[PDB]
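This is entry14.csv (CSV, C-alpha atoms and all ligand atoms).
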```
chain,number,residue,atom,x,y,z
A,2,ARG,CA,11.7,0.6,-16.2
A,3,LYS,CA,11.0,3.5,-13.8
A,4,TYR,CA,11.1,1.8,-10.3
A,5,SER,CA,14.5,1.1,-8.8
A,6,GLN,CA,16.0,-2.4,-9.0
A,7,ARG,CA,16.9,-2.1,-5.4
A,8,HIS,CA,14.2,-2.4,-2.7
A,9,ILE,CA,14.4,0.6,-0.3
A,10,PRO,CA,12.0,1.2,2.6
A,11,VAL,CA,10.2,4.5,2.3
A,12,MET,CA,11.0,7.3,4.8
A,13,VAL,CA,12.8,4.9,7.1
A,14,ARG,CA,14.3,7.7,9.2
A,15,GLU,CA,10.8,9.2,9.9
A,16,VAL,CA,9.4,5.8,10.6
A,17,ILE,CA,12.0,5.2,13.3
A,18,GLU,CA,11.5,8.7,14.6
A,19,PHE,CA,7.7,8.3,15.1
A,20,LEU,CA,7.6,4.6,16.1
A,21,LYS,CA,10.4,5.0,18.7
A,22,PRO,CA,11.7,1.4,18.7
A,23,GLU,CA,13.7,1.0,21.9
A,24,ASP,CA,14.2,-1.1,24.9
A,25,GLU,CA,12.1,-4.2,24.5
A,26,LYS,CA,9.1,-3.0,22.6
A,27,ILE,CA,6.9,-5.4,20.5
A,28,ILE,CA,6.2,-3.9,17.1
A,29,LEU,CA,3.5,-5.1,14.6
A,30,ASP,CA,4.6,-4.5,11.0
A,31,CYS,CA,1.2,-4.8,9.3
A,32,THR,CA,2.6,-4.8,5.8
A,33,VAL,CA,6.0,-6.3,6.2
A,34,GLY,CA,6.6,-6.8,2.5
A,35,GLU,CA,10.3,-7.7,1.7
A,36,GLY,CA,11.2,-6.7,5.3
A,37,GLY,CA,12.7,-3.3,4.6
A,38,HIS,CA,11.3,-1.3,7.5
A,39,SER,CA,11.4,-4.3,9.9
A,40,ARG,CA,15.1,-4.8,9.1
A,41,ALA,CA,15.8,-1.2,9.9
A,42,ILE,CA,13.9,-1.4,13.2
A,43,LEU,CA,15.7,-4.5,14.3
A,44,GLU,CA,19.1,-2.9,13.4
A,45,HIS,CA,18.1,0.2,15.4
A,46,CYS,CA,16.8,-1.6,18.4
A,47,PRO,CA,18.6,-4.8,19.7
A,48,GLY,CA,15.9,-5.6,22.2
A,49,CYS,CA,12.7,-5.2,20.1
A,50,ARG,CA,10.5,-8.0,18.9
A,51,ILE,CA,8.6,-7.8,15.6
A,52,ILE,CA,5.5,-9.6,14.4
A,53,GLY,CA,5.5,-9.1,10.6
A,54,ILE,CA,2.5,-9.9,8.4
A,55,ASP,CA,1.6,-9.8,4.8
A,56,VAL,CA,-0.9,-11.4,2.5
A,57,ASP,CA,1.6,-12.1,-0.3
A,58,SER,CA,3.5,-15.4,0.5
A,59,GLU,CA,6.1,-14.6,-2.2
A,60,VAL,CA,7.3,-11.4,-0.5
A,61,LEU,CA,7.2,-13.1,2.9
A,62,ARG,CA,9.8,-15.6,1.5
A,63,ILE,CA,12.0,-12.6,0.6
A,64,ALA,CA,11.5,-11.1,4.0
A,65,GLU,CA,12.4,-14.4,5.8
A,66,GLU,CA,15.7,-14.5,4.0
A,67,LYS,CA,16.4,-10.8,4.4
A,68,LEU,CA,15.7,-10.9,8.1
A,69,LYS,CA,17.6,-14.1,8.7
A,70,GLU,CA,20.2,-12.6,11.1
A,71,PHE,CA,17.4,-11.4,13.3
A,72,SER,CA,15.3,-14.6,13.2
A,73,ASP,CA,15.2,-14.9,16.9
A,74,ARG,CA,13.4,-11.6,17.3
A,75,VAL,CA,11.1,-11.4,14.3
A,76,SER,CA,8.4,-13.8,13.2
A,77,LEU,CA,6.4,-13.7,9.9
A,78,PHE,CA,2.9,-14.7,9.2
A,79,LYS,CA,0.6,-14.8,6.1
A,80,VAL,CA,-2.5,-13.0,7.4
A,81,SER,CA,-4.4,-9.8,6.5
A,82,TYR,CA,-3.8,-7.0,9.1
A,83,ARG,CA,-7.6,-7.1,9.5
A,84,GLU,CA,-7.0,-10.2,11.5
A,85,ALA,CA,-3.9,-9.0,13.3
A,86,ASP,CA,-5.8,-8.9,16.6
A,87,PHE,CA,-6.4,-12.6,16.8
A,88,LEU,CA,-3.0,-13.5,15.3
A,89,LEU,CA,-1.5,-11.7,18.3
A,90,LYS,CA,-3.8,-13.5,20.7
A,91,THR,CA,-2.7,-16.9,19.3
A,92,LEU,CA,0.9,-15.8,20.1
A,93,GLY,CA,-0.1,-14.8,23.6
A,94,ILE,CA,0.1,-11.1,22.9
A,95,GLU,CA,-2.7,-8.8,23.8
A,96,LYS,CA,-1.2,-5.4,22.9
A,97,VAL,CA,1.8,-4.0,21.2
A,98,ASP,CA,4.0,-0.9,21.6
A,99,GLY,CA,4.1,0.0,17.9
A,100,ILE,CA,2.1,-0.5,14.7
A,101,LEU,CA,3.5,0.3,11.3
A,102,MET,CA,1.6,0.3,8.0
A,103,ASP,CA,3.2,1.0,4.5
A,104,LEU,CA,0.3,1.0,2.1
A,105,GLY,CA,2.1,0.8,-1.2
A,106,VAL,CA,3.4,-2.0,-3.5
A,107,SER,CA,6.7,-3.8,-3.0
A,108,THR,CA,9.6,-3.7,-5.5
A,109,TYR,CA,9.3,-7.4,-6.1
A,110,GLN,CA,5.6,-7.1,-6.7
A,111,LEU,CA,6.1,-4.4,-9.3
A,112,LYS,CA,9.1,-5.9,-11.0
A,113,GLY,CA,9.4,-9.7,-10.4
A,114,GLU,CA,6.0,-11.2,-9.8
A,115,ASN,CA,4.7,-10.9,-13.4
A,116,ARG,CA,1.3,-9.9,-12.0
A,117,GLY,CA,0.8,-6.7,-14.0
A,118,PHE,CA,0.9,-4.2,-11.1
A,119,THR,CA,2.7,-1.8,-13.4
A,120,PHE,CA,3.1,-1.3,-17.2
A,121,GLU,CA,6.9,-1.1,-17.6
A,122,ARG,CA,6.4,-4.4,-19.5
A,123,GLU,CA,3.7,-6.7,-21.0
A,124,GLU,CA,2.3,-8.9,-18.2
A,125,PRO,CA,-1.0,-10.6,-17.4
A,126,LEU,CA,-3.7,-8.5,-15.7
A,127,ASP,CA,-3.6,-10.2,-12.3
A,128,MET,CA,-2.7,-7.7,-9.6
A,129,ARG,CA,-3.6,-10.0,-6.7
A,130,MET,CA,-1.3,-9.4,-3.7
A,131,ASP,CA,-2.7,-12.7,-2.3
A,132,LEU,CA,-2.6,-15.3,-5.2
A,133,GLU,CA,-5.1,-17.3,-3.2
A,134,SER,CA,-7.9,-14.8,-3.8
A,135,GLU,CA,-10.2,-15.5,-6.8
A,136,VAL,CA,-10.7,-12.0,-8.2
A,137,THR,CA,-8.1,-10.8,-10.8
A,138,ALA,CA,-7.7,-7.5,-12.5
A,139,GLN,CA,-8.5,-9.3,-15.8
A,140,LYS,CA,-11.9,-10.5,-14.5
A,141,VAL,CA,-12.7,-7.1,-13.1
A,142,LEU,CA,-11.8,-5.3,-16.3
A,143,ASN,CA,-13.7,-7.8,-18.5
A,144,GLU,CA,-16.8,-8.5,-16.4
A,145,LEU,CA,-17.7,-5.6,-14.1
A,146,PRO,CA,-20.6,-3.4,-15.1
A,147,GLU,CA,-19.3,-0.3,-16.9
A,148,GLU,CA,-20.9,2.0,-14.2
A,149,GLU,CA,-19.0,0.2,-11.5
A,150,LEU,CA,-15.7,0.5,-13.4
A,151,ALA,CA,-16.4,4.2,-13.7
A,152,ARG,CA,-17.1,4.5,-10.0
A,153,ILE,CA,-13.8,2.6,-9.2
A,154,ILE,CA,-11.7,4.7,-11.5
A,155,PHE,CA,-13.3,7.9,-10.1
A,156,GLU,CA,-13.0,7.0,-6.4
A,157,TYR,CA,-9.9,4.9,-6.2
A,158,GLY,CA,-8.0,6.3,-9.2
A,159,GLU,CA,-9.0,9.8,-8.4
A,160,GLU,CA,-9.7,10.5,-12.2
A,161,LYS,CA,-12.1,13.3,-11.4
A,162,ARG,CA,-12.8,14.2,-15.0
A,163,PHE,CA,-12.0,11.2,-17.2
A,164,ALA,CA,-13.3,8.3,-15.2
A,165,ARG,CA,-16.4,7.6,-17.4
A,166,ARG,CA,-14.4,7.8,-20.6
A,167,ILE,CA,-11.7,5.5,-19.3
A,168,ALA,CA,-14.4,3.0,-18.2
A,169,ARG,CA,-16.0,3.3,-21.7
A,170,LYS,CA,-12.6,2.6,-23.4
A,171,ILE,CA,-12.0,-0.4,-21.2
A,172,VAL,CA,-15.3,-1.9,-22.2
A,173,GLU,CA,-14.6,-1.0,-25.8
A,174,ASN,CA,-11.3,-2.9,-25.6
A,175,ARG,CA,-12.7,-6.1,-24.1
A,176,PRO,CA,-11.5,-8.7,-23.7
A,177,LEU,CA,-8.3,-7.2,-22.1
A,178,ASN,CA,-5.5,-9.7,-21.5
A,179,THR,CA,-2.3,-7.8,-20.7
A,180,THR,CA,-1.0,-4.7,-19.1
A,181,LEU,CA,-0.5,-3.2,-22.5
A,182,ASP,CA,-4.2,-3.7,-23.3
A,183,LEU,CA,-5.1,-1.6,-20.3
A,184,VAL,CA,-2.6,1.1,-21.2
A,185,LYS,CA,-4.2,1.2,-24.7
A,186,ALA,CA,-7.7,1.7,-23.2
A,187,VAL,CA,-6.5,4.6,-21.0
A,188,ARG,CA,-4.6,6.1,-23.9
A,189,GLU,CA,-7.7,6.1,-26.1
A,190,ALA,CA,-9.7,7.8,-23.3
A,191,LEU,CA,-7.3,10.7,-22.8
A,192,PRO,CA,-6.6,13.5,-25.4
A,193,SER,CA,-3.0,14.0,-26.5
A,194,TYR,CA,-2.8,17.4,-24.6
A,195,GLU,CA,-3.9,15.7,-21.4
A,196,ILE,CA,-1.4,12.9,-21.6
A,197,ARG,CA,1.4,15.5,-22.2
A,198,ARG,CA,0.1,17.7,-19.4
A,199,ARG,CA,0.4,15.0,-16.7
A,200,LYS,CA,3.5,14.6,-14.6
A,201,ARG,CA,3.1,10.8,-14.1
A,202,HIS,CA,2.5,8.3,-16.8
A,203,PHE,CA,-1.1,8.6,-17.9
A,204,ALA,CA,-2.1,5.1,-17.0
A,205,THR,CA,-0.8,5.3,-13.4
A,206,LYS,CA,-4.2,6.2,-11.7
A,207,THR,CA,-6.2,3.7,-13.6
A,208,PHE,CA,-3.8,0.8,-12.7
A,209,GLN,CA,-3.9,2.0,-9.1
A,210,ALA,CA,-7.7,2.1,-9.0
A,211,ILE,CA,-8.0,-1.5,-10.3
A,212,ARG,CA,-5.3,-2.7,-7.8
A,213,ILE,CA,-7.0,-1.1,-4.8
A,214,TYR,CA,-10.3,-2.7,-5.8
A,215,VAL,CA,-8.8,-6.2,-6.4
A,216,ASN,CA,-7.0,-6.1,-3.1
A,217,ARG,CA,-9.8,-4.3,-1.1
A,218,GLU,CA,-7.1,-1.9,0.1
A,219,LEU,CA,-9.4,1.0,1.1
A,220,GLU,CA,-12.0,-1.2,2.8
A,221,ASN,CA,-9.3,-3.1,4.7
A,222,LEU,CA,-7.6,0.1,5.9
A,223,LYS,CA,-10.9,1.7,7.1
A,224,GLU,CA,-11.9,-1.4,9.0
A,225,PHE,CA,-8.5,-1.9,10.6
A,226,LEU,CA,-8.1,1.8,11.6
A,227,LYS,CA,-11.4,1.7,13.5
A,228,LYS,CA,-9.9,-0.5,16.2
A,229,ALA,CA,-6.1,-0.3,15.8
A,230,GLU,CA,-6.0,1.9,18.9
A,231,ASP,CA,-7.3,-1.1,21.0
A,232,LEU,CA,-4.1,-3.0,20.1
A,233,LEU,CA,-1.8,-0.4,21.6
A,234,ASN,CA,-0.3,-0.3,25.1
A,235,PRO,CA,-0.3,3.1,26.8
A,236,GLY,CA,2.3,5.4,25.0
A,237,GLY,CA,2.2,3.1,21.9
A,238,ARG,CA,2.8,4.6,18.5
A,239,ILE,CA,1.0,3.9,15.2
A,240,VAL,CA,2.7,5.1,12.0
A,241,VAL,CA,1.1,4.9,8.6
A,242,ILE,CA,2.5,5.8,5.2
A,243,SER,CA,0.0,6.1,2.4
A,244,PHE,CA,0.4,6.9,-1.3
A,245,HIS,CA,-3.1,8.0,-2.0
A,246,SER,CA,-5.0,11.2,-1.0
A,247,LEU,CA,-8.1,9.3,0.0
A,248,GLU,CA,-6.2,6.9,2.3
A,249,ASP,CA,-4.3,9.8,3.8
A,250,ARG,CA,-7.6,11.6,4.5
A,251,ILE,CA,-9.0,8.5,6.2
A,252,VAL,CA,-5.9,8.1,8.4
A,253,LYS,CA,-5.9,11.8,9.3
A,254,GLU,CA,-9.6,11.7,10.3
A,255,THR,CA,-9.2,8.5,12.2
A,256,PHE,CA,-6.3,9.9,14.3
A,257,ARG,CA,-8.0,13.2,14.9
A,258,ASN,CA,-11.5,11.9,15.8
A,259,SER,CA,-10.2,9.1,18.0
A,260,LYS,CA,-10.6,9.7,21.7
A,261,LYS,CA,-7.8,7.2,22.4
A,262,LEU,CA,-5.1,8.6,20.1
A,263,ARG,CA,-3.2,11.9,20.1
A,264,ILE,CA,-2.2,12.8,16.5
A,265,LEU,CA,1.5,13.6,16.3
A,266,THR,CA,1.5,14.8,12.7
A,267,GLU,CA,-1.2,17.5,12.0
A,268,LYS,CA,0.4,17.8,8.6
A,269,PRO,CA,1.6,14.8,6.6
A,270,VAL,CA,5.4,14.1,6.7
A,271,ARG,CA,6.6,13.9,3.1
A,272,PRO,CA,9.8,12.4,1.5
A,273,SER,CA,12.9,14.6,1.1
A,274,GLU,CA,13.7,15.8,-2.4
A,275,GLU,CA,16.5,13.2,-2.8
A,276,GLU,CA,14.4,10.2,-1.7
A,277,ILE,CA,11.8,10.6,-4.4
A,278,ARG,CA,14.3,10.5,-7.3
A,279,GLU,CA,16.3,7.8,-5.6
A,280,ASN,CA,13.3,5.7,-4.7
A,281,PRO,CA,10.2,6.1,-7.1
A,282,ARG,CA,8.2,3.9,-4.7
A,283,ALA,CA,8.3,6.9,-2.3
A,284,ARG,CA,6.3,9.0,-4.8
A,285,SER,CA,3.2,10.5,-3.2
A,286,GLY,CA,4.1,9.2,0.2
A,287,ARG,CA,2.5,10.8,3.3
A,288,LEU,CA,3.3,9.6,6.8
A,289,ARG,CA,1.0,10.2,9.8
A,290,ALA,CA,1.6,9.1,13.3
A,291,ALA,CA,-0.4,9.0,16.6
A,292,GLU,CA,0.2,7.9,20.2
A,293,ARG,CA,-2.1,5.9,22.5
A,294,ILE,CA,-3.3,8.1,25.4
B,301,LIG,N1,-4.6,-6.6,4.1
B,301,LIG,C1,-3.3,-6.7,4.1
B,301,LIG,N2,-2.7,-7.2,5.2
B,301,LIG,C2,-1.3,-7.3,5.2
B,301,LIG,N3,-0.5,-7.0,4.2
B,301,LIG,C3,-1.1,-6.4,3.2
B,301,LIG,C4,-2.5,-6.3,3.1
B,301,LIG,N4,-2.8,-5.7,1.8
B,301,LIG,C5,-1.6,-5.5,1.3
B,301,LIG,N5,-0.5,-5.9,2.0
B,301,LIG,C6,0.9,-5.9,1.7
B,301,LIG,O1,1.4,-4.6,2.0
B,301,LIG,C7,2.7,-4.5,1.3
B,301,LIG,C8,2.9,-3.0,0.9
B,301,LIG,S1,4.6,-2.8,0.4
B,301,LIG,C9,5.4,-2.8,2.1
B,301,LIG,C10,6.9,-2.7,2.0
B,301,LIG,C11,7.6,-3.0,3.3
B,301,LIG,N6,7.3,-1.9,4.3
B,301,LIG,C12,9.1,-3.0,3.1
B,301,LIG,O2,9.8,-2.1,3.5
B,301,LIG,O3,9.6,-4.0,2.5
B,301,LIG,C13,2.7,-5.5,0.2
B,301,LIG,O4,3.6,-6.5,0.5
B,301,LIG,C14,1.3,-6.1,0.3
B,301,LIG,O5,1.2,-7.4,-0.1
```
As structure tokens, how would this structure be written, given the file I've shared?
Ligand SMILES: Nc1ncnc2c1ncn2[C@@H]1O[C@H](CSCC[C@H](N)C(=O)O)[C@@H](O)[C@H]1O
Amino acid sequence: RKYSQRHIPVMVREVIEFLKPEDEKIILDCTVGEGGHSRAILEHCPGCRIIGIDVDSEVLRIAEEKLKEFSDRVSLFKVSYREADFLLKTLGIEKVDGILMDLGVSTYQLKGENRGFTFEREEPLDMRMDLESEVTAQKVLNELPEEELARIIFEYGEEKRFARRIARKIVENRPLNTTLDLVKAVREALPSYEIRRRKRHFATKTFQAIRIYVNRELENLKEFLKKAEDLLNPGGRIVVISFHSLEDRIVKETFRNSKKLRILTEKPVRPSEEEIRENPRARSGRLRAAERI
């Protein structure tokens, strides 16, 4: 076990700082998860209203209980942020004052769902954040063409040197059934000196690659970012926390190139030294923010 047992919102102070919840602002929490950031916003601003969404019904159950004392000011929905625009319309809301995105994995997803998001223990290769979707990590690992697995591991895992060998070992280990089977494949692909050289556990990037693919995380982010600015009232703030270089690059470029947004963070805001050790889920976190102009 590496991740903390306690669920802690990443960079909550910086989120509050850039989102500026105050007065009676309406805030869209695009990845409400267990409600960590939303609870902090509601505690910080007595007049704000939050529309919180997620695709994982199980974490929404947790958020609904955690946010119980603020139930009159926060509402939760099971919907992809890609459809947040129409969700808001069905609620009679055309624009919001703040948009928050935390692109990681929740504590409960890592430790209690038994979906194989991580490898602290032997679990099925599922990795679906929305259990209603059909594609599982197992199906991807056992059926995708080897060249596509290589592409995924290179692009989403950022394995810039060993992507092809990892894909080869995955194919050689078929059929894979558990998280330990995937760890075995990655271990066989990397030389002992390479495993020892790495800071993070050697299977980290490959697990992340498959997760992103299964949950269309990169495609979803790119599509949402194209029009997120249209959901903001003048002066509105959009804050995004990513845990992947490619996602961060996409956010940075979107904010910079946008003619409707003024980037507020030319350089990414990163977690304090203490936070990282206290909250492993904060590892690799990069926060960017922009304002509607
Ligand atoms: N397309 C999408 N739309 C909405 N939520 C999504 C999504 N893709 C992933 N998610 C959700 O994004 C969350 C990232 S973890 C977010 C943690 C939350 N900020 C907290 O403090 O509790 C997960 O719950 C995941 O299910």
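Comparing the minimum interatomic distances between ligand LIG 301 (chain B) and each of A:152, A:96, A:7, A:122, counting all atoms listed in the file, we find that A:7 sits nearest.
Proximity of A:181, A:88, A:37, A:54 to residue 68 of chain A, computed with only C-alpha atoms, is greatest for A:37.
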Note to self: Between atom CA of residue 20 of chain A and atom CA of residue 85 of chain A, what distance in Å does the model show, to one decimal?
What the structure shows: 18.0 Å
Next item on the list: Could the residues that lie within 8 Å of ligand LIG 301 (chain B), counting only C-alpha atoms and all ligand atoms, be listed as an NGL selection string?
Entry: :A and (8-11 or 30-39 or 54-57 or 60-61 or 64 or 79-83 or 102-108 or 110 or 130-131 or 216-218 or 221-222)
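Between atom CA of residue 118 of chain A and atom CA of residue 269 of chain A the interatomic distance comes to 26.0 Å.
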